[PDB]
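This document opens with one chain alone, in structure tokens, the form solved without 6-nitrobenzotriazole.
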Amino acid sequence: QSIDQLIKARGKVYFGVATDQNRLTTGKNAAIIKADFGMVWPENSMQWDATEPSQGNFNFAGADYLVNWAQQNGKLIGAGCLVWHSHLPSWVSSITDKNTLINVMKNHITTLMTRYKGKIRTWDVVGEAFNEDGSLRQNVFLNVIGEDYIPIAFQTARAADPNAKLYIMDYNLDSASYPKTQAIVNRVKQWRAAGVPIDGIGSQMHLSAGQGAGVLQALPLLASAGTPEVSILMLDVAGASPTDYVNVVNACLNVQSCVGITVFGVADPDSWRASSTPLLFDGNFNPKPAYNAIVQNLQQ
């Protein structure tokens, strides 16, 4: 059975997966995505270092391929991340003038979002903006522009494509007792009260064995920020225990504003941490017990 069909039958929007051109032309990835998943994301083809490697020199061939494939095959598209320190080319980090950096950030956002206007359901606008202690991460945008870079990014994104859901994304939001989880909730509440158009919080979830249970309490906490949506992004789980995966799916089901889940690839050998075998399909493209456990859970 298709986990995307089953999660839609329980009132959610999608079960999705990250992919890109050379996955779709190799292995069994295209066949599995067509049958079992409802939304694709670019693994890497939309990141800043892939799309604007030097100023004004936009590289769209890879992202175009993915968007086309998804439209032909009737899949939803999510994309990101527009502003994220980790995938930033050096030409951006070396800018020290505030007005320049604001315009460079705006141009990057507007150019990417305009190109795909109306085709992208969800955009990750700002990523990994918090330190582990809950303070704001001192990336180039915070250092040069200040804390208004976040309002500016979201305002710019809303103007570029008013149809898209705009998300802030972070990782290590997997425990309700962790300071970072509480901090992002408090800051998003205050940004939204001031009119910043943040539609969603996306939890980048790279879990160790046994950490699924904690998400049952972390996800409701993220939802308490009052955004229209929350989601689970680029999920994988070391060891791929059915218990961990089922717990994450049940957290999604329990939180009414959680629209769906995106796993971080199809088959284990194509994972960034392949030795931990953390995905739902094995190296022979066979479903693993965690896939069947999700199916069972969604049927009941």
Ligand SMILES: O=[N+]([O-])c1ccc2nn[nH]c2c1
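In case it trips you up, residue 1 is the first one in the sequence shown, and so on.
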Stretch with higher mean Cα temperature factor, 30 to 38 vs 232 to 240, is 232 to 240
Comparing 114 to 122 with 190 to 198, where is the mean C-alpha B-factor higher?
-> 190 to 198
Among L166, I109, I152, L207, highest Cα B-factor in the entry goes to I152
Report the option among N254, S271, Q47, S54 whose CA atom has the maximum B-factor in the deposited record.
-> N254
Should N99 be placed in the lowest, middle or highest third of its chain by the C-alpha B factor in the entry?
-> highest
The third of the chain into which the C-alpha temperature factor of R10 falls is the highest
Could you tell me which third, lowest, middle or highest, the C-alpha B-factor of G127 occupies within its chain?
-> middle
So, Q211's CA B-factor, relative to its chain, sits in which third? The middle
Third of the chain's Cα B-factor distribution that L173 belongs to, per the entry | highest
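Keep in mind that the form deposited with 6-nitrobenzotriazole bound is missing from the display, and what follows is about it.
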Please overlay the site onto where 6-nitrobenzotriazole binds in the bound PDB entry and tell me whether the pocket on the shown chain stays open or is blocked (3 or more ligand atoms within 2.4 angstroms of backbone or C-beta atoms).
-> open
Is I102 close to 6-nitrobenzotriazole in the bound PDB entry, meaning a heavy atom pair under 4.5 Å apart or at it?
-> no
Using a 4.5 Å heavy atom cut-off, state whether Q47 contacts 6-nitrobenzotriazole in the bound PDB entry.
-> yes
State yes or no: in the bound PDB entry, is some non-hydrogen atom of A290 no more than 4.5 angstroms from a non-hydrogen atom of 6-nitrobenzotriazole?
-> no
Consider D124 of the chain shown here, and say whether it contacts 6-nitrobenzotriazole in the bound PDB entry, taking contact as heavy atoms within 4.5 Å.
-> yes
Heavy atom within 4.5 Å of 6-nitrobenzotriazole in the bound PDB entry, from candidates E52, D36, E43, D268, belongs to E43
Heavy atom within 4.5 Å of 6-nitrobenzotriazole in the bound PDB entry - the one residue of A183, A164, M169, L221 that qualifies = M169
